[PDB]
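Engineer: Got a structure here, written out as structure tokens. Questions coming.
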Amino acid sequence: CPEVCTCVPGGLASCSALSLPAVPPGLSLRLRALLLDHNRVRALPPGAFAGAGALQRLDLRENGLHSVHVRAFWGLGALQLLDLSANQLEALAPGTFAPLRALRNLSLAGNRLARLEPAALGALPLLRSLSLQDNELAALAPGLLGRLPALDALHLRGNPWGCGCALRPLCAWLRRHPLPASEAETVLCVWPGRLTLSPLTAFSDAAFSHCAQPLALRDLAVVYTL
Amino acid sequence: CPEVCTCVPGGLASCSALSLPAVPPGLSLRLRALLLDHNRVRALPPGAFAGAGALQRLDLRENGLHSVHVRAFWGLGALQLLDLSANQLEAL
Amino acid sequence: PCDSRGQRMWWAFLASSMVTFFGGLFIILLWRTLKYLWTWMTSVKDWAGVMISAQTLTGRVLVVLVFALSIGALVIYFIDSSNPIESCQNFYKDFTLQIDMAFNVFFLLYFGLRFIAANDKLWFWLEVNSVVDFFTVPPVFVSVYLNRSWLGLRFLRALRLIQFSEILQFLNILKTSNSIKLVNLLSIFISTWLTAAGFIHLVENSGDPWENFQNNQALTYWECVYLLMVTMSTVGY
Amino acid sequence: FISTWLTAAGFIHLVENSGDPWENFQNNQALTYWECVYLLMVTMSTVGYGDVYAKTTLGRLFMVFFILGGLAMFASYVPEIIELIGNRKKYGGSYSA
Amino acid sequence: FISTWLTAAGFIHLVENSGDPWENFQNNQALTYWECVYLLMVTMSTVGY
């Protein structure tokens, strides 16, 4: 379909290692499973993939993306594979993944996201797995993990975490099922004080700490009358 | 031995010109003499070398790091060589 | 091991203070309405009144203790303002909180004695000293109970500096008109300056409640004091 | 005082939110009415923080003409209002037998 | 009042649009006469934006 990339026998698909600071033109329904590697796509316009009726795999590898529109993915409709790793996104625009209801797979590896909005992520009920490898984010909101019902595996290798309340949900998620597949996958939790050091694998799941109960009624009765 | 890089029998040496911004996964104590070439990452991630318990040298080829983290160098300690050549470091 | 702060809850202390104030006000009003058309006490009242003023040696001791402990409470507020606005601190480790416990216990006893000595209970309830007693001690008790600390309306402790002129007059230290006026002006000015600075610090270190506390501005208490001083003099750097 | 304060704030809001006629309304500065109220309150007291201020010729002209007189109004009104509020007789109660 | 205001504004205009002689007339500020009038009005009322 793209003039620059030779048409793939069978179902039309994009070419790898394409050298093209310009987006592939001539998109259509026959074009499926776009592959972009080492390209220079600064931004995604709204309705970027409207021409392609349905797509299976989207892979944005080594592409410098610094601004994604809220409705840039209006056209996808029923996308299954999409990996968002090693990208330059500062933050996800709200409602970006709302059309991505059928997105089975998504991974976030090496994204310099300061914090990702749970509203931007959306429900994504049919999510097989996710990753958080080498991401600049250090605090994960409990809502982000609570929104996804069917999430199974989360990769945290290469991204040490800060011990505190922000760790309480994640380890609780670890309490549901073990995230480290191998002993070499374990990572340590960083502390504000340099004197103390601890690995997250040695960190007890749902371990008691300060502010263990966010709210209660027994103490609510007495703080209303003390 | 790194997953993408070839496993050299005997003394392990990382493949040259890995062209990977992130540190290779699967670092182990048997792995030694890591060579990170053409790292596009602006900063060194903490605990990146925690996979490999002990090394002997560390070389960076055409790697630009604007900042580093204390937890990044924790996994090291047995090294006798460290090279940060043509890096963009400004503050330590 | 010296962890950080996470979930943010502050309605406990403020709610306790508002209950302690408004419930008492409503009880006083209800008693007055019931007395209206039926819709030894003097001895203890006089004893409490003699205790409040420096009439007896124990009265002078109590007055001097009130002065010193109000100053100490203000200093403790400064030290706590150096800390983060919301933190978790166990009672048995930090020595600041036991000292604050003793100070607040003394202030609560002093308020009870003053209420016993008061002539009109309703007008005593709506007093600056009584109000700053309402909004300071119950928060401290709630904080020590919950093992967590919030820098709430603790700047109101500075408002305890207004009574310094009356405290000195009781001790027969101020007798002339010029010295009395000077002490009154100085105490009022310092108290309002410090209270405004503390309120600005509390409102700025936290954000707007409707903005999800995302408008926070990192202002030290000294910086807020400087800001208030610059504003009061119409300089406005 | 309140009426003139609100009227001046409203005029500043109208002038700042819609740019100069000779600039084809391209010089506009998005200002909430509350921000203009804060600006007028700051100016009337001769504080002049400078965090928020008028930028569009007409706005600066109105600020000049308002400085010529609203400042004197504030100076001669606010202390007077404060004095008219504190005029109370303290010993107004009755003895309790 | 008007004469003092206008003359001070004119002097500020002349000084600012031109530079400082020991600086080879390089330290200049492109100020309009109306801007100078506004600056003198702000200064004279102790506002100081």
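Each position is counted from 1, following the chain as shown.
Using the three backbone atoms N, Cα and C, a Cβ is placed for every residue, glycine included.
So Swiss-Prot has the following annotated:
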- B:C1-B:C7: disulfide bond (DISULFID)
- B:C5-B:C15: disulfide bond (DISULFID)
- B:30-51: repeat 'LRR 1' (REPEAT)
- B:54-75: repeat 'LRR 2' (REPEAT)
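Distances, neighbours, how buried they are, the whole picture for these features please.
Structural biologist: For B:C7 (disulfide bond), the count of additional Cβ atoms within 10 Å of its Cβ stands at 11 [all protein chains shown].
Annotation note: B:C5 (disulfide bond) sits in a coil segment as assigned by DSSP. Cβ environment of B:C5 (disulfide bond): B:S14, B:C15, B:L18, B:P24 lie under 8 Å away, each six or more residues apart in the same chain.
Long-range contacts of the repeat 'LRR 1' (B:30-51) within the same chain, counting only residues at least 6 positions beyond its ends with a Cβ under 8 Å from a Cβ of the stretch, are 1-2, 11-24, 57-76.
Using DSSP to sort the residues of the repeat 'LRR 2' (B:54-75) gives these counts of helix, strand and coil: 4 helix, 5 strand, 13 coil.
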Engineer: Counting across all protein chains present, how many other Cβ atoms fall within 10 Å of the Cβ of B:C15 (disulfide bond)?
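Structural biologist: That number is 16.
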Engineer: For the repeat 'LRR 2' (B:54-75), what are the same-chain contacts with Cβ under 8 Å, counting residues 6+ beyond its ends?
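Structural biologist: Distant contacts of the repeat 'LRR 2' (B:54-75): 16-17, 27, 29, 31-48, 81-92.
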Engineer: With DSSP as the yardstick, break the repeat 'LRR 1' (B:30-51) down into helix, strand and coil residue counts.
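Structural biologist: For that range the per-state counts are 4 helix, 5 strand, 13 coil.
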Engineer: Return the residues near B:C1 (disulfide bond), defined as same-chain residues 6+ apart in sequence whose C-beta is under 8 angstroms from its C-beta, sorted by sequence, else 'none'.
Structural biologist: B:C7, B:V8, B:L12, B:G26, B:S28, B:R30, B:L31
